[PDB]
Amino acid sequence: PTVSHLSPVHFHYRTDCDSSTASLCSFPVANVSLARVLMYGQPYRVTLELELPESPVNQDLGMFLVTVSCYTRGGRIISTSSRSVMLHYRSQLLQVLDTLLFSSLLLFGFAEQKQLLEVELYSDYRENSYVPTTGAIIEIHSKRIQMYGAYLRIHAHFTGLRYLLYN
Amino acid sequence: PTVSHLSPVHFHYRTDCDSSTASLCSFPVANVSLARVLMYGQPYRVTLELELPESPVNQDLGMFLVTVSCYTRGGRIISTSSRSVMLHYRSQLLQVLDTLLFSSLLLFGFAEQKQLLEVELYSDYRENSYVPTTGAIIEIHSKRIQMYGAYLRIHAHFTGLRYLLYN
Amino acid sequence: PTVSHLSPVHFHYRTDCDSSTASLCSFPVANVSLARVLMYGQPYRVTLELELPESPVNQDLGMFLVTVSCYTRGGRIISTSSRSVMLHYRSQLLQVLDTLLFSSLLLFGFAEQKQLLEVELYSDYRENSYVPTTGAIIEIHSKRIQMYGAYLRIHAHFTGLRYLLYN
Amino acid sequence: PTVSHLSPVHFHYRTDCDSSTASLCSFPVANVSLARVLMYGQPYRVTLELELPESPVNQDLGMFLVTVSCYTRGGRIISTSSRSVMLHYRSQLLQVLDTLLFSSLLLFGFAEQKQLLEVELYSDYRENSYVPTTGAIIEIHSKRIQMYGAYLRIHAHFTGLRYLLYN
Amino acid sequence: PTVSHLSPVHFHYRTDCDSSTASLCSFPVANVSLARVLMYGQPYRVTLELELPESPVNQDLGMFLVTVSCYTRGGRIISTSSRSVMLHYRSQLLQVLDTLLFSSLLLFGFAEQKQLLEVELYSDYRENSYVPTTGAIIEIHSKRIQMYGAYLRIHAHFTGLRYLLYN
Amino acid sequence: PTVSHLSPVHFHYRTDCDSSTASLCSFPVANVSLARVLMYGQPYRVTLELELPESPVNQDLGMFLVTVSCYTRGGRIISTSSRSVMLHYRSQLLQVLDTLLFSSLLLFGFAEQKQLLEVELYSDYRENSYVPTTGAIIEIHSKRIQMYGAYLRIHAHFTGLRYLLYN
Amino acid sequence: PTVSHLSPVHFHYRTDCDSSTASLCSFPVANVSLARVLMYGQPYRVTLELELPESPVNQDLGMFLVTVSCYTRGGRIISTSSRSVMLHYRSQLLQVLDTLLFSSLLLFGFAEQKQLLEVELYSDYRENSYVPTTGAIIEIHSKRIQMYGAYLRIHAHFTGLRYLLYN
Amino acid sequence: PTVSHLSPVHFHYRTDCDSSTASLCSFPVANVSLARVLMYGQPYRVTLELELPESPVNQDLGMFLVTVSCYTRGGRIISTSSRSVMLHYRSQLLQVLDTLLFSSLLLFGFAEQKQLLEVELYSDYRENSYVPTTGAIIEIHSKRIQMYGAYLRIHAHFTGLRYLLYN
Amino acid sequence: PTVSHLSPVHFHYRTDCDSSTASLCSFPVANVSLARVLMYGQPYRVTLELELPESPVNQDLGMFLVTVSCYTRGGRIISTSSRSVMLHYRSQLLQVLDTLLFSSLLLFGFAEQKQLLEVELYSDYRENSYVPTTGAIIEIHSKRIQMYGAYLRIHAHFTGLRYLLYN
Amino acid sequence: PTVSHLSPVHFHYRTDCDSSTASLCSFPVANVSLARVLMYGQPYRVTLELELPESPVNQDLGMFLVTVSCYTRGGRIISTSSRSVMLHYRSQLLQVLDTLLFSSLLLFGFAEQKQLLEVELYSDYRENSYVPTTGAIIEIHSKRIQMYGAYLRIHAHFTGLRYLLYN
Amino acid sequence: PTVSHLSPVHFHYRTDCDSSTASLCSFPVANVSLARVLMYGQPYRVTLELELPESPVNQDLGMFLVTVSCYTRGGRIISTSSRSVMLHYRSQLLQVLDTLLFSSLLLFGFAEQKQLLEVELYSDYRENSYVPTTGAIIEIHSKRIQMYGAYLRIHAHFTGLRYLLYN
């Protein structure tokens with residue numbers, strides 16, 4: 001075991017526009033409930049492992065800002081952060097080679113044509129005694145992103161040489 | 001056996017517009033009657049397994065919101081939930097490979113070019129003594145979705161070692 | 001033998017508009033006379049097996065609503081029902097494989113490129129002592145549905161072990 | 001021999017319009033003289049076997065309505081009927097396969113690329129003592145149909161096991 | 001020999017229009033002089049064998065009406081008749097196969113790419129004592145019908161067993 | 001020798017328009033001097049053998065009317081006649097097969113890609129004692145015909161079985 | 001030797017327009033000096049052998065009129081004549097075969113892709129005692145005729161057995 | 001180890017425009033905090049290693065300007081610099097060869113289709129006694145630069161024989 | 001040697017227009033100084049050998065008039081002449097065969113894709129005692145010609161059988 | 001060692017236009033500090049070796065003027081110069097052959113698809129005792145040039161036979 | 001050695017306009033200093049060897065004018081000349097063959113795809129005692145000429161047998 005918890009992010013968005021294309025109405029957003037893993041003074045790592053398929057719409061998407069806004073039990077925004085993430089580029093021939101050689105896994109469902117993007121919104125987050133962390137608002141500032149789901153993973157920074165096992 | 005009840009969902013919608021395109025008129029909606037499997041205190045898992053073909057119109061559909069609205073015998077809404085689901089991406093070469101190597105099943109009807117999307121609208125649902133669950137309203141906020149049918153599956157969350165049989 | 005009667009449906013529709021396209025003029029509707037297979041209390045299964053060719057126009061058709069309206073000898077409407085049906089998708093590579101390997105049946109007329117859609121408008125139908133069933137109106141809310149014919153098949157729900165004869 | 005009479009239908013139509021395309025000016029119609037094969041009480045089968053070539057124009061035609069209107073010696077219309085008919089769909093690969101294998105008949109004139117469509121406008125037509133059947137008006141509500149000719153075939157419904165000989 | 005006379009039809013038409021296209025200016029028409037083969041009481045078969053090349057312009061022509069108008073020495077119209085005739089369809093692969101296999105005849109002029117259409121305007125024609133048949137007006141209601149020539153062939157209806165000589 | 005004379009026709013036409021395309025100003029026409037081959041009472045055959053290349057412009061030409069107008073020494077018109085003619089259709093594959101197998105003649109000039117059309121404007125032309133035949137006016141009612149030349153040929157109709165030698 | 005003289009024709013034309021196209025400005029024309037070969041009473045043959053390339057511009061040219069206008073030393077026009085000539089049609093496959101097989105002459109300059117068109121303006125020309133022939137005006141009524149040069153050729157009509165030297 | 005510190009840059013930008021294109025709303029900008037490695041007198045090399053994928057959007061980008069703006073703890077700007085950088089060009093054939101031969105690394109994630117651009121904004125930087133370096137603002141003056149991340153790498157200019165460890 | 005002199009022509013022309021295409025401002029012209037080859041009474045041959053490349057712009061050029069205007073030392077124009085010249089046509093297949101088989105000369109510069117056009121402006125030019133020939137003005141009436149240079153080659157006409165040596 | 005110094009040029013330019021294409025706001029420019037290599041009286045060679053990739057945008061660039069402006073310590077301009085330079089042309093086949101036969105160097109980074117253009121702005125530059133050279137301004141008058149960097153290289157002109165070592 | 005001097009030409013031109021195309025802004029010009037090689041009375045050959053790449057833009061350039069304007073020490077213009085020059089045409093097949101066979105030199109830089117054009121502005125130039133030659137102005141009247149450089153070359157016309165050293 002390890003000192004960590006996963007809070008999957010359930011993005012929702014508005015749907016009242018024309019919607020005559022593959023473009024959503026409003027920017028995806030979400031609340032998350034963090035209600036210990038956090039301890040006073042200790043820095044913690046907060047990331048949003050985000051699951052993007054390699055569908056053609058996503059390749060043409062380009063960069064898009066991602067922001068996280070932590071807050072307290074009373075809703076007060078403790079801190080704000082932002083990072084830019086982009087689906088990694090792979091050439092069309094490379095994709096075909098990847099699809100071919102990994103056919104034995106993709107066909108049986110052991111592998112899938114998706115990318116996990118590790119947007120590290122915090123390399124060192126520390127608990128405040130007078131201001132407790134209770135939940136997070138997470139956003140993906142783009143109306144054309146296609147995604148399956150996202151996890152807000154927290155873990156104590158102290159890992160040592162054992163970090164190599166996560167490769 | 002399993003302590004569960006499958007309430008198949010029959011989506012209906014309006015049809016009075018011009019309708020000169022594959023796009024429909026109004027947002028698909030449904031009303032399902034849940035009338036025990038539910039018991040007080042016990043958490044329950046509510047999911048809508050959605051049967052989408054891999055037709056080209058669906059691959060270009062993009063993300064689309066799905067919402068479930070539970071309510072009582074008197075119509076009062078107990079709780080409201082929403083999730084976003086999308087048909088999984090598969091490259092054209094992969095599809096040609098899937099269509100070929102699984103031809104022996106598709107041709108004889110043992111397999112079909114369709115995806116079951118497990119929209120989990122409630123990972124832990126529990127019954128209220130003063131507010132009984134009687135029915136649900138289920139929506140798919142898109143005028144371009146093509147679907148065959150949907151089951152609202154409720155199952156007691158206790159799995160334990162029994163997962164080996166459900167895998 | 002089986003306790004059933006087949007009431008083939010003969011759709012008719014208006015023809016006075018411009019009609020300069022494969023799209024018809026008005027919504028296909030039909031009337032069918034049910035004049036006993038029905039008995040008080042016993043549940044009955046009412047379905048409309050719909051014969052759709054796999055012609056290209058039908059594959060781009062998309063979903064379309066099919067509604068049934070039962071009524072009495074006096075014309076009073078007993079109940080109203082609706083189910084959405086869609087022609088099953090088959091990739092272009094799959095169709096060519098079907099056309100090829102099943103050529104020996106397609107050419108000699110033993111097989112044809114058509115689909116039967118089992119639109120089950122009623123899984124539990126029962127006769128009412130004060131309201132006798134006499135006939136039904138059946139509709140297919142689409143101006144582009146190419147079809148050959150349809151049967152409204154009623155059958156006693158008691159199957160039990162007898163399903164093996166139907167399998 | 002059989003108790004039947006064939007009354008070939010000679011469709012004629014107006015031609016004063018622009019006629020700048022392959023679309024006729026007015027709806028095909030016809031009069032036919034049925035002047036016994038009909039006898040009182042017995043129901044009879046009336047069909048219009050319609051000879052449509054498989055030319056590309058006809059495949060894109062889509063559905064079209066065919067109506068038969070019987071009438072007496074005095075011109076009074078006895079009954080009106082309508083059945084929708086469509087040319088059966090065959091894929092381009094299948095047609096090429098049919099053309100290749102059946103070349104030995106198509107080239108020498110023993111076979112032709114045409115479909116006989118059996119519009120059964122009456123499965124049970126009964127003669128009336130006070131109203132004799134004299135003639136019929138037959139229509140094909142489409143300006144884009146291409147056809148060679150049509151027979152209105154009548155025959156006593158009493159066939160029994162002998163019907164298999166018509167296969 | 002046989003009791004018959006062939007009166008070749010010389011279709012002529014006006015030409016003072018714009019004529020900037022393959023379409024003619026006015027409807028083809030013709031007079032033909034029949035002045036015996038016709039005798040009182042005996043039925044006669046009157047047909048117009050029409051020589052249409054299988055050119056692309058003719059295949060896209062579609063159906064076209066053909067009318068015949070008999071008349072007396074004084075010009076009085078005896079009877080009027082009309083039929084619809086269409087060039088028989090043949091697929092491009094079939095046409096190529098015919099051109100290839102029957103090349104030996106086409107190249108040396110023994111065969112030609114033309115269809116004889118037997119527009120049978122009268123299956124039973126008889127002479128009237130007080131009204132003699134003198135000549136006929138014939139028409140082809142189309143501005144796009146490419147043709148080489150036409151024979152109006154009359155013949156005694158009595159064939160009987162003699163059809164074997166014509167088979 | 002034979003009782004015949006040839007009067008080659010020299011068509012001339014106006015040239016004052018824009019002429020920005022392959023379309024001539026006015027309908028080709030001509031005068032021909034017929035001044036014996038003609039004898040009183042005897043009917044004679046008059047034809048115009050017309051030399052048309054198989055150039056693409058001519059294949060798209062379609063039907064065109066050709067008229068002949070005989071006249072006397074004083075210019076008085078004796079008779080008028082008209083026959084429709086059209087270059088015979090030959091498929092592209094047939095032409096390629098012709099160009100190939102007959103290359104040995106076309107290349108060395110012994111054969112040419114031209115068609116002779118025998119417009120038999122008169123199957124029986126009779127000389128009149130009171131009206132002598134002196135000259136002919138000939139026409140081809142089309143502004144798009146491409147032609148090399150034309151012979152007007154007259155010959156006594158008395159041929160008998162010797163006609164086969166002209167094959 | 002032969003009783004003949006060649007008077008090469010040198011066409012000239014105007015050049016004042018925009019000339020933004022391969023089409024020329026004005027109709028080609030030319031004078032020629034015939035100043036004996038001509039003798040009184042004797043018929044003579046006057047022809048213009050016209051050297052046209054087989055360039056694409058010429059094949060789309062179509063027919064074009066050619067006229068010759070003889071005149072006297074005083075300029076008085078003795079006689080007027082006109083003929084219509086056209087470059088002979090050769091298919092694209094034939095031209096390629098001509099280019100290939102006759103390469104050995106075309107490449108070394110012994111052959112060239114050109115046609116000599118023998119526009120015979122006079123089959124029988126005779127000299128008049130009171131009116132001497134001095135020169136001729138020659139025209140080619142087209143603005144799109146690409147040509148290298150032209151000879152006007154005269155020769156005594158008497159050929160007889162001497163044609164063997166010209167065949 | 002070496003006398004150096006890395007200060008990764010986290011660019012953020014506005015997201016309120018239409019954003020219906022791969023172009024971003026505003027110029028990428030960033031703020032980086034440097035709070036020693038810097039010492040008085042000693043020259044230092046400040047560079048921004050920038051991680052650009054080889055995606056087609058970036059190849060068409062063309063030259064873009066990158067600027068750095070150092071400043072103190074109080075915000076006072078110490079020095080301003082600017083260098084223009086561009087992604088290196090590689091032909092489509094070269095890219096395919098790179099993708100092919102280096103497939104064994106790209107597929108397993110050991111290699112990726114990205115370029116590190118060493119924008120050396122300062123070859124000789126030295127600390128000021130009265131003005132301390134605290135942080136730097138960095139920019140990329142282009143709305144279309146797709147990038148993963150960047151490091152502001154500082155290192156003592158003293159290399160000498162130690163370059164062998166960096167080669 | 002021979003009694004001749006070559007007076008190379010240097011064409012110069014205006015250049016002040018927009019010149020946004022491959023078309024020149026004004027008609028090429030030039031003066032040439034002829035200052036004995038000429039002798040009184042004797043007719044002489046004057047030609048302009050014109051060096052046109054076979055570039056596509058020249059093949060589509062079509063005909064173009066070329067004129068020479070001789071004049072005296074006083075500028076007085078002695079005589080005026082004109083001829084029409086055109087680059088000889090060579091099919092694309094012929095050019096490819098030429099470029100191939102003559103590659104050994106083209107590559108080494110011994111042969112070049114150019115045509116010398118011998119525009120013979122005077123087959124017999126006679127010197128006048130009272131009017132001496134001094135210089136010439138030579139023109140090429142086209143704004144789209146591409147040329148390298150030109151020689152005005154004069155030579156005594158008396159050649160006899162020796163003319164064959166010039167081949 | 002050699003009597004020379006290299007002063008790399010760092011072009012900077014404005015960036016506040018629309019910038020919707022691969023074009024820049026203003027002409028590239030730069031200052032450079034030349035602060036001995038220069039000596040009085042001796043003329044010196046000054047050049048700008050310019051590193052241009054062979055990317056397609058640069059090939060379509062065409063010529064572009066380059067200017068150098070020397071100046072003194074006080075900023076006074078000593079001399080001005082300009083030379084036009086252009087990236088060398090290499091055919092598509094040649095580039096592919098180079099990309100292929102030199103793959104072993106391009107892939108490993110030993111070679112790159114770039115061209116060094118040696119714009120020699122001064123073959124003899126002499127130092128003035130009363131006017132010292134201190135710095136230079138260098139420009140590239142094009143908004144579409146793509147370049148990596150430029151060196152302004154100075155070297156004493158006294159080379160002799162040793163110049164061959166620079167090959 | 002030889003009595004000659006090469007005065008390389010450095011073309012400069014304006015750059016103020018939009019310049020959004022490969023076409024330059026103003027006519028290329030130059031000024032060259034000629035400051036013995038020239039001696040009184042002796043003829044001299046003055047030429048401009050112009051280095052043009054075979055780039056596609058230059059092939060479509062077409063003919064253009066080049067002029068040289070000599071002048072004295074005081075600027076007085078001594079003589080003006082103009083010769084029209086054009087890049088030599090080479091078919092695409094010839095270029096491909098040239099690129100292939102001469103690849104070994106092009107790849108190593110021993111050969112280049114460029115043409116040296118010798119514009120012989122003067123074949124006989126002589127010095128005037130009262131008017132000395134000091135410099136020249138050279139122009140290339142085209143805004144689309146892509147060029148590398150140009151030498152103005154003078155040489156004593158006396159070659160005689162010495163041409164063998166230059167062949």
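Residues numbered from 1 in each chain as written, not as in the entry; some residues may be left out. Chains lettered and ligands numbered in written order. Heavy atoms only, no water.

As deposited, the entry is annotated with cryo-EM as its determination method and 3.19 Å as its resolution.

When you look at the packing of aromatic side chains in this model, what are you seeing that I'm missing?
Where two aromatic rings form a pair, the distance of their centres and the angle of their planes describe that pair. Across all of its chains, the model carries 32 aromatic pairs over all chains by this definition. Taken together, the aromatic side chains of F108(A), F110(A) and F102(B) make up a single cluster linked through ring pairs. A cation over a ring is seen here: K143(C) above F27(C), with NZ or CZ 5.6 Å from the ring centre. (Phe/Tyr/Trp six-rings, centres within 6.5 Å; stacked < 30°, edge-to-face > 60°. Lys NZ or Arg CZ within 6 Å of the ring centre and 35° of its normal.)

What's the story with empty space enclosed by the protein in this structure? I'm lost.
One water molecule sets the probe size; rolling that probe over the atoms shows where empty space is left. By volume, the largest cavity is sized at about 270 Å³. Across the lining of the largest cavity, the residue classes break down as eleven nonpolar, eight polar and five charged. (1 Å grid on protein atoms, 1.4 Å probe; cavity = no way out; pocket = protein on both sides within 12 Å on 5 of 7 lines; lining within 4 Å. Points joined across faces, edges and corners; volume = space filled by probe spheres on them. Nonpolar A, V, L, I, M, F, W, Y, C, P; charged D, E, K, R; others polar.)

Please explain the sheet that holds strand 6 (residues 114-125) of chain E as it appears in this structure.
Whenever strands of a sheet pair, they do so through backbone hydrogen bonds, lying parallel or antiparallel. All names here are of chain E. Here four strands make up an open sheet; going across it, the order is 1-8-3-6 and the pairing antiparallel. Of all strands in the sheet, those bounded by a partner on one side alone are strand 1 (4-9) and strand 6. With strand direction ignored, the average angle separating the axes of adjacent strands in the sheet is 20 degrees. Two elements, strand 3 (residues 44-53) and strand 8 (residues 149-156), share eight bridges in a ladder whose sense is antiparallel. The residue of strand 8 that forms the bridge with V46 is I154. (Pairing = 2+ DSSP bridges. Helix = DSSP H or I, 4+ residues; strand = E, 2+ residues; numbered from the N terminus. Axes fitted to C-alpha atoms, helices over the stretch in contact; angles between N-to-C directions.)

Sorry if this is basic, but what is going on with the state of the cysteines here?
By definition, a disulfide links the sulfur atoms of two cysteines through a covalent bond. With the rule as written, the count across this model stands at two disulfides over all chains. Between the sulfur atoms of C17(D) and its disulfide mate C25(D) the distance is 2.0 Å. Where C17(D) bonds to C25(D) through sulfur, the torsion about that S-S bond is close to -70 degrees, and the disulfide is left-handed. Judged by relative accessible area, which is 31%, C17(D) ranks as partly exposed. Of all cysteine sulfurs, the one in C25(C) lies closest to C17(C), which takes part in no disulfide; the gap is 3.4 Å. (Disulfide = S-S within 2.5 Å. Buried < 20%, exposed > 50% of the residue type's maximum accessible area, 1.4 Å probe, protein only.)

Just checking my understanding: could you explain the interface of chain J and chain H for this structure?
Interface size is often expressed as the accessible area that is lost when the parts come together. Counting residues at the interface gives 23 residues for chain J, matched by 23 residues for chain H. When the buried surface of chain J facing chain H is broken down by residue, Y13(J), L107(J) and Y148(J) rank first, second and third, together holding 28% of it. Our enumeration of links across chain J and chain H arrives at zero salt bridges. Connecting chain J to chain H are four residue pairs in polar contact. Where the side of chain J that touches chain H is concerned, the elements lending two or more residues are helix 2 (92-101) and helix 3 (103-106) of chain J. (Contact = heavy atoms within 4.5 Å. Buried area = accessible area lost by both parts, 1.4 Å probe. Salt bridge = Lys/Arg side-chain N within 4 Å of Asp/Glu carboxyl O. Polar contact = N/O pair within 3.5 Å; in protein donor to acceptor, adjacent residues only side chain to side chain.)

I keep staring at helix 2 (residues 92-101) of chain B and nothing clicks. Help me out?
The α-helix advances 3.6 residues per turn, and as a result positions three or four apart in sequence lie on the same side. Along helix 2 of chain B, the residues that are buried comprise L94(B), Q95(B), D98(B) and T99(B). The buried residues of helix 2 of chain B all sit within an arc of 135 degrees when viewed along its axis, so they share a single face. For helix 2 of chain B, the secondary structure elements touched by its buried residues are helix 2 (92-101) and helix 3 (103-106) of chain A, helix 1 (56-59) and helix 3 (103-106) of chain B together with helix 2 (92-101) of chain C. (Arc of directions from axis to C-beta.)

Mind showing me how you'd approach the sheet that holds strand 4 (residues 64-71) of chain C here?
Residue and element names in this part refer to chain C. Taking strand neighbours across the sheet as the criterion, the four strands line up as 2-7-4-5 in an open arrangement whose pairing is antiparallel. Across the chains shown, the open sheet's two edge strands, defined by having one partner strand only, are strand 2 (29-33) and strand 5 (77-85). Along the sheet, successive strands turn relative to each other by an average axial angle of 15 degrees, direction set aside. As paired strands, strand 2 and strand 7 (residues 135-140) are joined by five bridges and run antiparallel to one another. Of the residues in strand 7, the one forming a bridge with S33 is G135.

Honestly, the interface of chain H and chain A in this entry has me stumped. Any pointers?
In this complex, chain H contributes 24 residues to the contact, which on the side of chain A involves 21 residues. Applying the counting rule to chain H against chain A returns zero salt bridges. Counting across the chain H and chain A interface gives three residue pairs in polar contact. Where the side of chain H that touches chain A is concerned, the elements lending two or more residues are helix 2 (92-101) and helix 3 (103-106) of chain H. When its residues are assigned to classes, the side of chain H that touches chain A shows twelve nonpolar, ten polar and two charged.

It is not clear to me how the pattern of salt bridges should be interpreted in this structure. Could you clarify?
Think of it this way: side chains of opposite charge can pair up when their charged atoms draw near. Applying the stated criterion across every chain yields a total of 88 salt bridges over all chains. A salt bridge links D16(B) to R14(B), with the shortest nitrogen-to-oxygen separation between them at 2.9 Å. Linked by salt bridges that have partners in common, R45(A), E118(A) and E120(A) make up one network.

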